[PDB]
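Have a look below at one chain only, the form deposited in one PDB entry, in structure tokens format.
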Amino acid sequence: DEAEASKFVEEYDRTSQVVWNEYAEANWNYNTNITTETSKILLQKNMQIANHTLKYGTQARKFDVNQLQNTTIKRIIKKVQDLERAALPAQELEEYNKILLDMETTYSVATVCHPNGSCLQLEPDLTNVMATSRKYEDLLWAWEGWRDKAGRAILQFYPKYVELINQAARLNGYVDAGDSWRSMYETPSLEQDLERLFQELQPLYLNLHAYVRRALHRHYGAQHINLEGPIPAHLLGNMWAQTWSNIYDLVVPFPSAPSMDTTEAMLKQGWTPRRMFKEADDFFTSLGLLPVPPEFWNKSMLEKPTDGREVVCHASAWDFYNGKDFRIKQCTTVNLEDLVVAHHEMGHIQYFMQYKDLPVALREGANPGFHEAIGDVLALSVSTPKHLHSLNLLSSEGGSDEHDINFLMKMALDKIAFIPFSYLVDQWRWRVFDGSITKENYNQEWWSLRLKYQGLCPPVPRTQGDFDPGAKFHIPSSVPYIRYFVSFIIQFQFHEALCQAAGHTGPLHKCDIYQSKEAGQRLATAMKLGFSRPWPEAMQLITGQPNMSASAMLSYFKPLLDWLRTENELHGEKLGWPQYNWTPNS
């Protein structure tokens, strides 16, 4: 009955706090200090948490969920019935945990070396090469080398990973791991909804793609860019060509309206990783949102250790299920890109702090996209020329329609280009998980989607043994990706809603919500719900309506769409890549 059910969830919450806190501690210790010992302690703590998950999950399944009145209780129990990997038999669970460890370790310690020269790590060395080199061959060296070293090394693990994650999913009542991941949205129409949103961003993406392609043609040469074909994947300023704003210098709409070198500005003005996170902290509190506790400053890892010791650099935000202990682990570089990343990560921290008083079972985003969006929303305001000038990182850019188009381009290179990338990652993984793509076809099907959605081609033909997906963090780390597609759509809906609540008029892209208590209150009420209600309720609290919608993002970028159509038309661009079979000749 009802009494036994609420007693069970009370017990689950107390015991889970302790066990998850211990697990998080050991996971943190490994991530911030990769050694045999920390690896050993982590794999053992995996047994402890799996023990706990099994005890409570087993009990939870004995409840017939739909004989239960209270919906919150009903919700916690159905959630605890999913054992995740702890559903696996002992032998397989051991193997699965080791596979995950080996994949994440392989990715985070991989280096690319010059023969009898220096070896480069992904962060910051290879990231910098991809961002700043303008030499075709040097970009290719980094692009291919990273795949050769990280991607190829992951392949040995992946088929067994897929087998075991699917097995766990079936043991929890799903048909495969991709089914399990999609269920996080509790939205039957999810796939159709995402396809519709993607299609809505097509006019903008194709126009951006055509314009950038033309600019690359100008720089890298006619013999290396097909004006009617896909773009070589190593030329977009980013290892995965997922965000393109590092090639802003190659594509600036009005070079007569230069922008201040923001990296130079931050360096000269003595900016440090600590200052970057303090600025993000200030933006959150300016909205009437929560400051990070003193403990955050004590315990976080805000730059790469110089100890020589090895870490997982890929940025992350950590809840220790204390209601007290929250940490970021980021190998912060002093530049504008990492200032934005800091805001992204501080977004997750804010969410942790807002829902800290809920049962741990409900300590999640309304959906995973909500958790990813919070930090990015504030970052949209931080990124405005007006705000950056206030931080002394840009000079006065206001008024000028030239600076205005330039700013919109700078934003589109990231926000619009990322749409097809974020969409395709889990299109690939869902089909791996459902058995549509086998290990024979992993890489070929990845490039088929790279072509279909982003209109990119690999600069060097792929060969047997390549596994380019393994060269992207989220693949060996088994972190779902569709959350980021959702985030990019909804963060603009949030921006639009918060801006109108803040009383801002005129073009959406001119909005800066700094210090708006009205905007802060909307975000806080939504975040406080955690995972306690269907996500459309949190959507409603922020935006006044319950749907995901591209209209806000389209509205933000409307002036750029008009500019790009006019520009592309006057140059006679053919939108898309009708010569889709094109690959580099040399």
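If you superpose the two forms and keep the largest set of C-alpha atoms that fall within 1.5 Å, you have the rigid core. One rule holds for the numbers: they count along the sequence shown, beginning at 1.
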Task: Other entries lacking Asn207, at least a third - done: no
Task: At least a third of the other entries leave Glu397 unmodelled - done: yes
Open item on the list: Tell me which stretch has the larger mean Cα B-factor in this entry, 453-461 or 94-102.
Closed with: 94-102
Open item on the list: Quick check: 123-131 versus 261-269, which has the larger average CA B-factor in the record?
Closed with: 261-269
- [ ] For the C-alpha B-factor as written in the entry, point me to the maximum among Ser118, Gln192, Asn406, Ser448.
- [x] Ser118
Task: Of the residues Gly323, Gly178, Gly369, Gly237, the one carrying the largest Cα B-factor as recorded - done: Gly323
TODO: Could you look up the Cα B-factor of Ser183 in the entry and say which third of the chain it sits in: lowest, middle or highest?
DONE: lowest
- [ ] Using the B-factor values recorded in the entry, state whether the Cα atom of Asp468 falls in the lowest, middle or highest third among the modelled residues of its chain.
- [x] lowest
TODO: Sorting the chain's modelled residues by C-alpha B-factor, tell me whether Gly229 ends up in the lowest, middle or highest third.
DONE: lowest
Open item on the list: Taking only the Cα B-factors deposited for this chain, tell me whether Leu42 sits in the lowest, middle or highest third.
Closed with: highest
Task: Among modelled residues of the same chain, the CA temperature factor third for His344 - done: lowest
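What comes next is about the form deposited in another entry, which does not appear here.
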TODO: Kindly specify the one residue in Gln521, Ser555, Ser39, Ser532 whose Cα moves by 2 Å or more between the shown form and the other one, with superposition done on the rigid core.
DONE: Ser39
TODO: Answer yes if the Cα of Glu310 shifts by 2 angstroms or more between the shown form and the other one on a rigid-core superposition, and no otherwise.
DONE: yes
Open item on the list: Using a rigid core superposition, assess whether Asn29 undergoes a CA shift of 2 Å or more between the shown form and the other one.
Closed with: yes
